[PDB]
file upload.pdb (PDB, C-alpha atoms and all ligand atoms)
ATOM      1  CA  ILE A   1       0.000   0.000   0.000  1.00  0.00           C
ATOM      2  CA  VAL A   2       1.472   3.299  -1.187  1.00  0.00           C
ATOM      3  CA  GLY A   3       0.282   6.623   0.298  1.00  0.00           C
ATOM      4  CA  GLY A   4      -1.807   4.889   2.965  1.00  0.00           C
ATOM      5  CA  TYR A   5      -1.645   4.827   6.765  1.00  0.00           C
ATOM      6  CA  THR A   6      -0.840   2.365   9.554  1.00  0.00           C
ATOM      7  CA  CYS A   7      -4.186   0.642  10.176  1.00  0.00           C
ATOM      8  CA  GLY A   8      -3.636  -0.188  13.824  1.00  0.00           C
ATOM      9  CA  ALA A   9      -3.302  -3.647  15.280  1.00  0.00           C
ATOM     10  CA  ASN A  10      -6.250  -5.902  14.534  1.00  0.00           C
ATOM     11  CA  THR A  11      -8.447  -3.042  13.295  1.00  0.00           C
ATOM     12  CA  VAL A  12      -8.977  -5.024  10.100  1.00  0.00           C
ATOM     13  CA  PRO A  13      -9.694  -8.425  11.656  1.00  0.00           C
ATOM     14  CA  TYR A  14     -10.746 -10.204   8.422  1.00  0.00           C
ATOM     15  CA  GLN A  15      -7.344  -9.475   6.813  1.00  0.00           C
ATOM     16  CA  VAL A  16      -5.154 -12.554   6.433  1.00  0.00           C
ATOM     17  CA  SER A  17      -1.530 -12.994   5.458  1.00  0.00           C
ATOM     18  CA  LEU A  18      -0.672 -15.926   3.169  1.00  0.00           C
ATOM     19  CA  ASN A  19       2.715 -17.359   4.134  1.00  0.00           C
ATOM     20  CA  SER A  20       4.930 -19.891   2.302  1.00  0.00           C
ATOM     21  CA  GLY A  21       8.011 -19.209   4.467  1.00  0.00           C
ATOM     22  CA  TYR A  22       7.399 -15.476   4.027  1.00  0.00           C
ATOM     23  CA  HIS A  23       4.358 -13.254   3.446  1.00  0.00           C
ATOM     24  CA  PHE A  24       3.446 -13.369  -0.262  1.00  0.00           C
ATOM     25  CA  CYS A  25      -0.243 -12.327  -0.574  1.00  0.00           C
ATOM     26  CA  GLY A  26      -3.189 -11.162   1.470  1.00  0.00           C
ATOM     27  CA  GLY A  27      -6.628 -12.691   1.767  1.00  0.00           C
ATOM     28  CA  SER A  28      -9.956 -12.214   3.496  1.00  0.00           C
ATOM     29  CA  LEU A  29     -11.516 -14.491   6.083  1.00  0.00           C
ATOM     30  CA  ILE A  30     -15.197 -15.099   5.029  1.00  0.00           C
ATOM     31  CA  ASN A  31     -16.081 -17.643   7.718  1.00  0.00           C
ATOM     32  CA  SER A  32     -14.206 -19.783  10.291  1.00  0.00           C
ATOM     33  CA  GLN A  33     -12.989 -22.206   7.579  1.00  0.00           C
ATOM     34  CA  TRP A  34     -12.558 -20.207   4.386  1.00  0.00           C
ATOM     35  CA  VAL A  35     -10.353 -17.497   2.925  1.00  0.00           C
ATOM     36  CA  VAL A  36     -10.893 -15.591  -0.303  1.00  0.00           C
ATOM     37  CA  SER A  37      -7.792 -14.492  -2.251  1.00  0.00           C
ATOM     38  CA  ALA A  38      -6.589 -13.916  -5.816  1.00  0.00           C
ATOM     39  CA  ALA A  39      -6.117 -16.853  -8.155  1.00  0.00           C
ATOM     40  CA  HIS A  40      -2.751 -15.355  -9.191  1.00  0.00           C
ATOM     41  CA  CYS A  41      -1.673 -15.902  -5.574  1.00  0.00           C
ATOM     42  CA  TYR A  42      -2.090 -19.674  -6.004  1.00  0.00           C
ATOM     43  CA  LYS A  43       0.815 -21.771  -4.716  1.00  0.00           C
ATOM     44  CA  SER A  44       1.263 -25.039  -2.856  1.00  0.00           C
ATOM     45  CA  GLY A  45       2.221 -25.058   0.876  1.00  0.00           C
ATOM     46  CA  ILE A  46       0.116 -22.103   2.010  1.00  0.00           C
ATOM     47  CA  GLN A  47      -0.138 -21.347   5.685  1.00  0.00           C
ATOM     48  CA  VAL A  48      -2.863 -18.861   6.514  1.00  0.00           C
ATOM     49  CA  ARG A  49      -1.945 -16.372   9.235  1.00  0.00           C
ATOM     50  CA  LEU A  50      -4.866 -14.685  11.051  1.00  0.00           C
ATOM     51  CA  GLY A  51      -4.791 -12.039  13.828  1.00  0.00           C
ATOM     52  CA  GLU A  52      -1.674 -10.446  12.306  1.00  0.00           C
ATOM     53  CA  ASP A  53      -0.353  -6.955  12.723  1.00  0.00           C
ATOM     54  CA  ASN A  54       3.449  -7.116  12.687  1.00  0.00           C
ATOM     55  CA  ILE A  55       4.103 -10.091  10.382  1.00  0.00           C
ATOM     56  CA  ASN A  56       7.675 -10.488  11.738  1.00  0.00           C
ATOM     57  CA  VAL A  57       6.850 -10.549  15.494  1.00  0.00           C
ATOM     58  CA  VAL A  58       4.616 -12.858  17.493  1.00  0.00           C
ATOM     59  CA  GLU A  59       2.356 -10.332  19.195  1.00  0.00           C
ATOM     60  CA  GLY A  60      -0.116 -12.683  20.861  1.00  0.00           C
ATOM     61  CA  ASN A  61      -3.306 -12.684  18.761  1.00  0.00           C
ATOM     62  CA  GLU A  62      -2.117 -14.767  15.761  1.00  0.00           C
ATOM     63  CA  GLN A  63      -3.630 -17.976  14.533  1.00  0.00           C
ATOM     64  CA  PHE A  64      -1.561 -19.952  11.984  1.00  0.00           C
ATOM     65  CA  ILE A  65      -3.537 -22.636  10.177  1.00  0.00           C
ATOM     66  CA  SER A  66      -2.386 -24.650   7.191  1.00  0.00           C
ATOM     67  CA  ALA A  67      -4.469 -24.705   3.983  1.00  0.00           C
ATOM     68  CA  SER A  68      -6.072 -28.065   3.339  1.00  0.00           C
ATOM     69  CA  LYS A  69      -7.411 -27.256  -0.144  1.00  0.00           C
ATOM     70  CA  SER A  70      -7.129 -24.418  -2.642  1.00  0.00           C
ATOM     71  CA  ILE A  71      -9.690 -23.806  -5.381  1.00  0.00           C
ATOM     72  CA  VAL A  72      -8.764 -21.436  -8.146  1.00  0.00           C
ATOM     73  CA  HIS A  73     -11.835 -20.198  -9.994  1.00  0.00           C
ATOM     74  CA  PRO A  74     -12.741 -22.634 -12.771  1.00  0.00           C
ATOM     75  CA  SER A  75     -12.418 -19.933 -15.470  1.00  0.00           C
ATOM     76  CA  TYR A  76      -9.387 -18.096 -14.142  1.00  0.00           C
ATOM     77  CA  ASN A  77      -7.433 -16.763 -17.118  1.00  0.00           C
ATOM     78  CA  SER A  78      -3.874 -15.835 -16.168  1.00  0.00           C
ATOM     79  CA  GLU A  79      -3.407 -14.177 -19.567  1.00  0.00           C
ATOM     80  CA  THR A  80      -6.120 -11.571 -18.978  1.00  0.00           C
ATOM     81  CA  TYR A  81      -6.514 -11.883 -15.154  1.00  0.00           C
ATOM     82  CA  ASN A  82     -10.202 -12.483 -15.722  1.00  0.00           C
ATOM     83  CA  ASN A  83     -11.832 -14.280 -12.743  1.00  0.00           C
ATOM     84  CA  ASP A  84      -8.837 -13.559 -10.466  1.00  0.00           C
ATOM     85  CA  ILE A  85     -10.296 -15.303  -7.407  1.00  0.00           C
ATOM     86  CA  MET A  86      -9.394 -18.346  -5.295  1.00  0.00           C
ATOM     87  CA  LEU A  87     -10.860 -20.085  -2.214  1.00  0.00           C
ATOM     88  CA  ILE A  88      -8.613 -21.563   0.462  1.00  0.00           C
ATOM     89  CA  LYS A  89     -10.046 -23.976   2.975  1.00  0.00           C
ATOM     90  CA  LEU A  90      -8.450 -24.116   6.412  1.00  0.00           C
ATOM     91  CA  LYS A  91      -7.251 -27.443   7.808  1.00  0.00           C
ATOM     92  CA  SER A  92      -9.082 -26.566  11.046  1.00  0.00           C
ATOM     93  CA  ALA A  93     -11.673 -23.882  11.900  1.00  0.00           C
ATOM     94  CA  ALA A  94     -10.328 -20.512  13.143  1.00  0.00           C
ATOM     95  CA  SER A  95     -11.393 -19.353  16.586  1.00  0.00           C
ATOM     96  CA  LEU A  96     -13.425 -16.232  15.849  1.00  0.00           C
ATOM     97  CA  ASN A  97     -12.934 -13.295  18.309  1.00  0.00           C
ATOM     98  CA  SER A  98     -12.575  -9.443  18.234  1.00  0.00           C
ATOM     99  CA  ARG A  99      -9.221  -9.706  16.428  1.00  0.00           C
ATOM    100  CA  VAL A 100     -10.053 -12.560  14.062  1.00  0.00           C
ATOM    101  CA  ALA A 101     -13.378 -11.972  12.412  1.00  0.00           C
ATOM    102  CA  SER A 102     -15.062 -12.810   9.119  1.00  0.00           C
ATOM    103  CA  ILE A 103     -16.182 -10.330   6.468  1.00  0.00           C
ATOM    104  CA  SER A 104     -19.517 -10.844   4.694  1.00  0.00           C
ATOM    105  CA  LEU A 105     -20.053 -11.378   1.006  1.00  0.00           C
ATOM    106  CA  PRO A 106     -21.951  -8.526  -0.667  1.00  0.00           C
ATOM    107  CA  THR A 107     -25.546  -8.979  -1.841  1.00  0.00           C
ATOM    108  CA  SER A 108     -25.097  -6.265  -4.492  1.00  0.00           C
ATOM    109  CA  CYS A 109     -22.274  -4.632  -6.435  1.00  0.00           C
ATOM    110  CA  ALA A 110     -20.754  -1.445  -5.045  1.00  0.00           C
ATOM    111  CA  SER A 111     -21.357   1.832  -6.934  1.00  0.00           C
ATOM    112  CA  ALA A 112     -18.942   4.337  -8.543  1.00  0.00           C
ATOM    113  CA  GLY A 113     -17.758   6.986  -6.038  1.00  0.00           C
ATOM    114  CA  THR A 114     -18.089   4.599  -3.026  1.00  0.00           C
ATOM    115  CA  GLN A 115     -15.175   4.899  -0.581  1.00  0.00           C
ATOM    116  CA  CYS A 116     -13.660   1.526   0.201  1.00  0.00           C
ATOM    117  CA  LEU A 117     -10.998   0.233   2.559  1.00  0.00           C
ATOM    118  CA  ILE A 118      -7.970  -1.504   1.016  1.00  0.00           C
ATOM    119  CA  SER A 119      -5.350  -3.160   3.175  1.00  0.00           C
ATOM    120  CA  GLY A 120      -2.184  -5.217   3.086  1.00  0.00           C
ATOM    121  CA  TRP A 121       1.513  -5.732   3.764  1.00  0.00           C
ATOM    122  CA  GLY A 122       2.619  -4.790   0.206  1.00  0.00           C
ATOM    123  CA  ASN A 123       5.315  -2.394  -1.019  1.00  0.00           C
ATOM    124  CA  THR A 124       4.826   1.199   0.330  1.00  0.00           C
ATOM    125  CA  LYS A 125       6.847   2.973  -2.391  1.00  0.00           C
ATOM    126  CA  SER A 126       5.929   3.983  -5.956  1.00  0.00           C
ATOM    127  CA  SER A 127       9.632   3.982  -6.932  1.00  0.00           C
ATOM    128  CA  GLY A 128      11.851   1.282  -5.480  1.00  0.00           C
ATOM    129  CA  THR A 129      10.701  -0.905  -2.588  1.00  0.00           C
ATOM    130  CA  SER A 130      10.042  -0.873   1.135  1.00  0.00           C
ATOM    131  CA  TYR A 131       8.017  -3.600   2.839  1.00  0.00           C
ATOM    132  CA  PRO A 132       6.161  -2.792   6.073  1.00  0.00           C
ATOM    133  CA  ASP A 133       5.916  -5.140   9.023  1.00  0.00           C
ATOM    134  CA  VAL A 134       2.554  -3.729  10.166  1.00  0.00           C
ATOM    135  CA  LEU A 135      -0.723  -3.673   8.265  1.00  0.00           C
ATOM    136  CA  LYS A 136      -1.282  -0.626   6.012  1.00  0.00           C
ATOM    137  CA  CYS A 137      -4.645   0.842   5.034  1.00  0.00           C
ATOM    138  CA  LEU A 138      -5.934   3.025   2.228  1.00  0.00           C
ATOM    139  CA  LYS A 139      -9.310   4.662   1.642  1.00  0.00           C
ATOM    140  CA  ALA A 140     -10.099   4.852  -2.081  1.00  0.00           C
ATOM    141  CA  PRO A 141     -13.181   5.414  -4.220  1.00  0.00           C
ATOM    142  CA  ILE A 142     -14.397   3.021  -6.905  1.00  0.00           C
ATOM    143  CA  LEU A 143     -13.896   4.805 -10.260  1.00  0.00           C
ATOM    144  CA  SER A 144     -16.383   4.767 -13.158  1.00  0.00           C
ATOM    145  CA  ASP A 145     -16.074   2.051 -15.817  1.00  0.00           C
ATOM    146  CA  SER A 146     -15.461   4.726 -18.450  1.00  0.00           C
ATOM    147  CA  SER A 147     -12.596   6.210 -16.412  1.00  0.00           C
ATOM    148  CA  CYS A 148     -11.087   2.754 -15.740  1.00  0.00           C
ATOM    149  CA  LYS A 149     -11.180   1.905 -19.477  1.00  0.00           C
ATOM    150  CA  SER A 150      -9.063   4.935 -20.482  1.00  0.00           C
ATOM    151  CA  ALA A 151      -6.666   4.350 -17.550  1.00  0.00           C
ATOM    152  CA  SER A 152      -5.266   1.082 -18.929  1.00  0.00           C
ATOM    153  CA  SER A 153      -3.805  -0.048 -22.236  1.00  0.00           C
ATOM    154  CA  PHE A 154      -5.136  -3.529 -21.380  1.00  0.00           C
ATOM    155  CA  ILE A 155      -8.702  -4.795 -21.962  1.00  0.00           C
ATOM    156  CA  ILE A 156     -10.925  -4.658 -18.848  1.00  0.00           C
ATOM    157  CA  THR A 157     -13.712  -7.210 -18.138  1.00  0.00           C
ATOM    158  CA  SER A 158     -16.965  -6.822 -16.230  1.00  0.00           C
ATOM    159  CA  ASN A 159     -15.464  -9.027 -13.477  1.00  0.00           C
ATOM    160  CA  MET A 160     -13.056  -6.220 -12.590  1.00  0.00           C
ATOM    161  CA  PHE A 161     -13.393  -2.686 -11.293  1.00  0.00           C
ATOM    162  CA  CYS A 162     -10.854  -0.015 -10.637  1.00  0.00           C
ATOM    163  CA  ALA A 163     -10.440   2.176  -7.604  1.00  0.00           C
ATOM    164  CA  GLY A 164      -8.004   4.740  -6.366  1.00  0.00           C
ATOM    165  CA  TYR A 165      -6.654   8.110  -7.487  1.00  0.00           C
ATOM    166  CA  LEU A 166      -5.797   9.173 -11.021  1.00  0.00           C
ATOM    167  CA  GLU A 167      -3.525  11.940  -9.641  1.00  0.00           C
ATOM    168  CA  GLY A 168      -1.104   9.320  -8.266  1.00  0.00           C
ATOM    169  CA  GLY A 169       0.481   8.582  -4.898  1.00  0.00           C
ATOM    170  CA  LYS A 170      -2.212   6.326  -3.404  1.00  0.00           C
ATOM    171  CA  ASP A 171      -2.673   2.689  -4.517  1.00  0.00           C
ATOM    172  CA  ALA A 172      -2.278  -0.989  -3.643  1.00  0.00           C
ATOM    173  CA  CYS A 173       1.075  -2.560  -4.670  1.00  0.00           C
ATOM    174  CA  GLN A 174       3.181  -5.758  -4.897  1.00  0.00           C
ATOM    175  CA  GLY A 175       2.393  -7.970  -1.930  1.00  0.00           C
ATOM    176  CA  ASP A 176      -1.121  -6.598  -1.365  1.00  0.00           C
ATOM    177  CA  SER A 177      -2.555  -8.985  -4.047  1.00  0.00           C
ATOM    178  CA  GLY A 178      -5.322 -11.261  -2.767  1.00  0.00           C
ATOM    179  CA  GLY A 179      -6.240  -8.835   0.011  1.00  0.00           C
ATOM    180  CA  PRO A 180      -9.606  -7.108   0.705  1.00  0.00           C
ATOM    181  CA  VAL A 181     -11.391  -4.125  -0.744  1.00  0.00           C
ATOM    182  CA  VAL A 182     -14.240  -3.451   1.672  1.00  0.00           C
ATOM    183  CA  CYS A 183     -17.163  -1.145   0.865  1.00  0.00           C
ATOM    184  CA  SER A 184     -20.474  -0.841   2.718  1.00  0.00           C
ATOM    185  CA  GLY A 185     -19.057  -3.204   5.323  1.00  0.00           C
ATOM    186  CA  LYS A 186     -18.751  -6.164   2.899  1.00  0.00           C
ATOM    187  CA  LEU A 187     -16.074  -7.759   0.686  1.00  0.00           C
ATOM    188  CA  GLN A 188     -16.487  -6.018  -2.744  1.00  0.00           C
ATOM    189  CA  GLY A 189     -12.985  -6.478  -4.157  1.00  0.00           C
ATOM    190  CA  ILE A 190      -9.798  -8.518  -4.212  1.00  0.00           C
ATOM    191  CA  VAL A 191      -6.483  -6.768  -4.938  1.00  0.00           C
ATOM    192  CA  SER A 192      -5.816  -8.093  -8.479  1.00  0.00           C
ATOM    193  CA  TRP A 193      -3.542  -6.068 -10.749  1.00  0.00           C
ATOM    194  CA  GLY A 194      -2.065  -2.743 -11.762  1.00  0.00           C
ATOM    195  CA  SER A 195       0.609  -0.978 -13.791  1.00  0.00           C
ATOM    196  CA  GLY A 196       3.317  -0.176 -11.272  1.00  0.00           C
ATOM    197  CA  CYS A 197       1.821   1.360  -8.105  1.00  0.00           C
ATOM    198  CA  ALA A 198       0.505   4.853  -7.401  1.00  0.00           C
ATOM    199  CA  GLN A 199       1.484   6.084 -10.886  1.00  0.00           C
ATOM    200  CA  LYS A 200      -0.444   9.018 -12.396  1.00  0.00           C
ATOM    201  CA  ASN A 201      -3.412   7.772 -14.437  1.00  0.00           C
ATOM    202  CA  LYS A 202      -2.775   4.118 -13.586  1.00  0.00           C
ATOM    203  CA  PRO A 203      -5.266   3.105 -10.872  1.00  0.00           C
ATOM    204  CA  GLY A 204      -5.492  -0.410  -9.375  1.00  0.00           C
ATOM    205  CA  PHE A 205      -7.826  -3.105 -10.697  1.00  0.00           C
ATOM    206  CA  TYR A 206      -9.755  -5.409  -8.440  1.00  0.00           C
ATOM    207  CA  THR A 207     -11.758  -8.621  -8.839  1.00  0.00           C
ATOM    208  CA  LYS A 208     -15.469  -7.741  -8.594  1.00  0.00           C
ATOM    209  CA  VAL A 209     -16.502 -10.108  -5.776  1.00  0.00           C
ATOM    210  CA  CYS A 210     -20.263  -9.458  -6.222  1.00  0.00           C
ATOM    211  CA  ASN A 211     -20.096 -11.539  -9.456  1.00  0.00           C
ATOM    212  CA  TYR A 212     -18.710 -14.563  -7.552  1.00  0.00           C
ATOM    213  CA  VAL A 213     -21.077 -14.947  -4.610  1.00  0.00           C
ATOM    214  CA  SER A 214     -23.025 -17.840  -6.186  1.00  0.00           C
ATOM    215  CA  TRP A 215     -19.817 -19.786  -6.980  1.00  0.00           C
ATOM    216  CA  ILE A 216     -18.369 -19.101  -3.514  1.00  0.00           C
ATOM    217  CA  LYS A 217     -21.547 -20.172  -1.725  1.00  0.00           C
ATOM    218  CA  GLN A 218     -21.906 -23.350  -3.882  1.00  0.00           C
ATOM    219  CA  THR A 219     -18.264 -24.222  -3.428  1.00  0.00           C
ATOM    220  CA  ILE A 220     -18.155 -23.830   0.376  1.00  0.00           C
ATOM    221  CA  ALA A 221     -21.440 -25.828   0.555  1.00  0.00           C
ATOM    222  CA  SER A 222     -19.694 -28.838  -0.898  1.00  0.00           C
ATOM    223  CA  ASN A 223     -16.115 -28.715   0.350  1.00  0.00           C
TER     224      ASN A 223
HETATM  225  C1  LIG B 301       4.579  -6.989  -9.743  1.00  0.00           C
HETATM  226  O1  LIG B 301       4.992  -5.567  -9.833  1.00  0.00           O
HETATM  227  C2  LIG B 301       4.237  -4.568  -9.284  1.00  0.00           C
HETATM  228  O2  LIG B 301       4.828  -3.674  -8.664  1.00  0.00           O
HETATM  229  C3  LIG B 301       2.713  -4.494  -9.489  1.00  0.00           C
HETATM  230  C4  LIG B 301       2.070  -5.162  -8.269  1.00  0.00           C
HETATM  231  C5  LIG B 301       0.584  -4.845  -8.109  1.00  0.00           C
HETATM  232  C6  LIG B 301      -0.285  -5.917  -7.931  1.00  0.00           C
HETATM  233  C7  LIG B 301      -1.653  -5.690  -7.774  1.00  0.00           C
HETATM  234  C8  LIG B 301      -2.133  -4.378  -7.794  1.00  0.00           C
HETATM  235  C9  LIG B 301      -1.284  -3.286  -7.976  1.00  0.00           C
HETATM  236  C10 LIG B 301      -1.789  -1.962  -8.011  1.00  0.00           C
HETATM  237  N1  LIG B 301      -1.030  -0.955  -8.504  1.00  0.00           N
HETATM  238  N2  LIG B 301      -3.017  -1.675  -7.564  1.00  0.00           N
HETATM  239  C11 LIG B 301       0.093  -3.525  -8.131  1.00  0.00           C
HETATM  240  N3  LIG B 301       2.317  -5.184 -10.747  1.00  0.00           N
HETATM  241  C12 LIG B 301       2.634  -4.663 -11.955  1.00  0.00           C
HETATM  242  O3  LIG B 301       3.191  -3.584 -12.129  1.00  0.00           O
HETATM  243  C13 LIG B 301       2.251  -5.464 -13.187  1.00  0.00           C
HETATM  244  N4  LIG B 301       2.150  -4.459 -14.250  1.00  0.00           N
HETATM  245  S1  LIG B 301       3.214  -4.659 -15.517  1.00  0.00           S
HETATM  246  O4  LIG B 301       2.942  -3.563 -16.501  1.00  0.00           O
HETATM  247  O5  LIG B 301       4.574  -4.754 -15.101  1.00  0.00           O
HETATM  248  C14 LIG B 301       2.742  -6.211 -16.236  1.00  0.00           C
HETATM  249  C15 LIG B 301       1.659  -6.242 -17.114  1.00  0.00           C
HETATM  250  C16 LIG B 301       1.248  -7.461 -17.672  1.00  0.00           C
HETATM  251  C17 LIG B 301       1.933  -8.639 -17.321  1.00  0.00           C
HETATM  252  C18 LIG B 301       1.490  -9.979 -17.928  1.00  0.00           C
HETATM  253  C19 LIG B 301       3.012  -8.608 -16.433  1.00  0.00           C
HETATM  254  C20 LIG B 301       3.412  -7.387 -15.889  1.00  0.00           C
HETATM  255 CA    CA B 302       2.632 -11.180  14.272  1.00  0.00          CA
END
call {"tool": "encode", "arguments": {"input": "upload.pdb", "output": "structure tokens"}}
result
Amino acid sequence: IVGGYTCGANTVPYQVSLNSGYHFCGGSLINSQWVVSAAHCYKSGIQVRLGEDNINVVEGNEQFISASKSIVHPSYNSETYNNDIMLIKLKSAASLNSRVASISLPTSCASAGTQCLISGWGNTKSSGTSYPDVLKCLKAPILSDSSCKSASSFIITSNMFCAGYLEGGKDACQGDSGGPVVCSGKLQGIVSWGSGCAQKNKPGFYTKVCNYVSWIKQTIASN
């Protein structure tokens, strides 16, 4: 997260860190057994880390639970990033509390101009790199489809939306992928892709979670 602020320990209690020996992606806890993340974050040997603030220090509220199964969306296209969504089942149920809490799935799609919360342990610089130990947060509005279209050379699908600031300086970045975009108190986005971070006229793109609720509900009903 570039241009954001220190969230504060456990103020975003649905935020997970995905760890394969090191933090590599975020995710969102949607119930005691399931995490939503980006398909492009798929890898084997995922440990899900809940209750995290400083990812390098055991602070006392962590739960570390191994993934038992990962399910990349059936139509995930790595070429275009279309359907950039994945479900991770936990080997054992998380103990839900004030610091480890689930986020609801939306029942409708968020509207243009809505201010959302984006969070993660990604790079905090637009040029070069610096990786935080504590969770960073960014408030950012969903941008109109027409404005997102002209803000990328790539082709955008209706399973994606963009959010952020065309003036630059405020964006998600490398290492935030998979993490939550929360609007109206529900999970509306997944950190998906971008061109650099916090560059002028290059806002972030996000998986439009509202389009996936049926598939998520079906899948967790049977796994
Ligand atoms: C990996 O390098 C990066 O710094 C960002 C990370 C990132 C990830 C998710 C969201 C954001 C964001 N800004 N909101 C940033 N991605 C890139 O910069 C990738 N862009 S890119 O132009 O380098 C590129 C384009 C197409 C392919 C196939 C590979 C790489
Ligand atoms: Ca910790």
call {"tool": "resolve_selection", "arguments": {"input": "upload.pdb", "expression": "the PyMOL selection byres (((chain A and resi 109) around 6) and not hetatm)", "output": "ChimeraX atom specification"}}
result
/A:108,110,210
call {"tool": "residues_near_ligand", "arguments": {"input": "upload.pdb", "ligand": "ligand CA 302 (chain B)", "cutoff": "6 Å", "atoms": "all atoms listed in the file", "output": "ChimeraX atom specification"}}
result
/A:52-59
call {"tool": "resolve_selection", "arguments": {"input": "upload.pdb", "expression": "the PyMOL selection byres (((not hetatm)) within 7 of (chain B and resi 301))", "output": "number ranges by chain"}}
result
A: 79, 171-177, 191-198, 203-205
call {"tool": "write_last_selection", "arguments": {"input": "upload.pdb", "atoms": "C-alpha atoms", "output": "CSV table (one decimal), keeping the file's coordinate frame"}}
result
chain,number,residue,atom,x,y,z
A,79,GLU,CA,-3.4,-14.2,-19.6
A,171,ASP,CA,-2.7,2.7,-4.5
A,172,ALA,CA,-2.3,-1.0,-3.6
A,173,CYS,CA,1.1,-2.6,-4.7
A,174,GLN,CA,3.2,-5.8,-4.9
A,175,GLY,CA,2.4,-8.0,-1.9
A,176,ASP,CA,-1.1,-6.6,-1.4
A,177,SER,CA,-2.6,-9.0,-4.0
A,191,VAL,CA,-6.5,-6.8,-4.9
A,192,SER,CA,-5.8,-8.1,-8.5
A,193,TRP,CA,-3.5,-6.1,-10.7
A,194,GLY,CA,-2.1,-2.7,-11.8
A,195,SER,CA,0.6,-1.0,-13.8
A,196,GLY,CA,3.3,-0.2,-11.3
A,197,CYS,CA,1.8,1.4,-8.1
A,198,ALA,CA,0.5,4.9,-7.4
A,203,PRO,CA,-5.3,3.1,-10.9
A,204,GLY,CA,-5.5,-0.4,-9.4
A,205,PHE,CA,-7.8,-3.1,-10.7
call {"tool": "residues_around", "arguments": {"input": "upload.pdb", "residues": "residue A:35", "least_positions_apart": "2", "cutoff": "10 Å", "atoms": "only C-alpha atoms", "output": "JSON, numbers by chain"}}
result
{"A": [14, 15, 16, 18, 26, 27, 28, 29, 30, 31, 32, 33, 37, 48, 67, 70, 86, 87, 88, 89, 90, 102, 103, 178]}
call {"tool": "resolve_selection", "arguments": {"input": "upload.pdb", "expression": "the PyMOL selection byres (((chain A and resi 4) around 7) and not hetatm)", "output": "mmCIF file with C-alpha atoms, in the frame of the given file"}}
result
data_model
loop_
_atom_site.group_PDB
_atom_site.id
_atom_site.type_symbol
_atom_site.label_atom_id
_atom_site.label_comp_id
_atom_site.auth_asym_id
_atom_site.auth_seq_id
_atom_site.Cartn_x
_atom_site.Cartn_y
_atom_site.Cartn_z
ATOM 1 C CA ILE A 1 0.000 0.000 0.000
ATOM 2 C CA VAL A 2 1.472 3.299 -1.187
ATOM 3 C CA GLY A 3 0.282 6.623 0.298
ATOM 4 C CA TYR A 5 -1.645 4.827 6.765
ATOM 5 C CA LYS A 136 -1.282 -0.626 6.012
ATOM 6 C CA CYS A 137 -4.645 0.842 5.034
ATOM 7 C CA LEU A 138 -5.934 3.025 2.228
ATOM 8 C CA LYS A 170 -2.212 6.326 -3.404
#
call {"tool": "residues_around", "arguments": {"input": "upload.pdb", "residues": "residue A:154", "least_positions_apart": "3", "cutoff": "10 Å", "atoms": "only C-alpha atoms", "output": "number ranges by chain"}}
result
A: 80, 149-151, 157, 195
call {"tool": "axis_aligned_box", "arguments": {"input": "upload.pdb", "around": "stretch 6-25 of chain A", "padding_each_side": "8 Å", "output": "AutoDock Vina command-line options"}}
result
--center_x -1.4 --center_y -8.8 --center_z 7.4 --size_x 34.8 --size_y 38.3 --size_z 31.9
call {"tool": "closest_residue", "arguments": {"input": "upload.pdb", "among": "A:219, A:94, A:169, A:179", "to": "residue A:24", "atoms": "only C-alpha atoms"}}
result
A:179
call {"tool": "closest_residue", "arguments": {"input": "upload.pdb", "among": "A:7, A:134, A:187, A:220", "to": "residue A:104", "atoms": "only C-alpha atoms"}}
result
A:187
call {"tool": "residues_around", "arguments": {"input": "upload.pdb", "residues": "residue A:100", "least_positions_apart": "6", "cutoff": "7 Å", "atoms": "only C-alpha atoms", "output": "PyMOL selection string"}}
result
chain A and resi 13-14+50-51
call {"tool": "closest_residue", "arguments": {"input": "upload.pdb", "among": "A:19, A:83, A:97, A:77", "to": "residue A:65", "atoms": "only C-alpha atoms"}}
result
A:19
call {"tool": "atom_distance", "arguments": {"input": "upload.pdb", "atom1": "atom CA of residue A:165", "atom2": "atom CA of residue A:128"}}
result
19.8 Å
call {"tool": "closest_residue", "arguments": {"input": "upload.pdb", "among": "A:41, A:190, A:182, A:9", "to": "residue A:106", "atoms": "only C-alpha atoms"}}
result
A:182
call {"tool": "residues_around", "arguments": {"input": "upload.pdb", "residues": "residue A:78", "least_positions_apart": "6", "cutoff": "12 Å", "atoms": "all atoms listed in the file", "output": "list in words"}}
result
residues 38, 39, 40, 41, 42, 72, 84, 85, 192 and 193 of chain A
call {"tool": "atom_distance", "arguments": {"input": "upload.pdb", "atom1": "atom CA of residue A:131", "atom2": "atom CA of residue A:23"}}
result
10.3 Å
call {"tool": "atom_distance", "arguments": {"input": "upload.pdb", "atom1": "atom CA of residue A:162", "atom2": "atom CA of residue A:145"}}
result
7.6 Å
call {"tool": "closest_residue", "arguments": {"input": "upload.pdb", "among": "A:120, A:147, A:71, A:64", "to": "residue A:92", "atoms": "all atoms listed in the file"}}
result
A:64
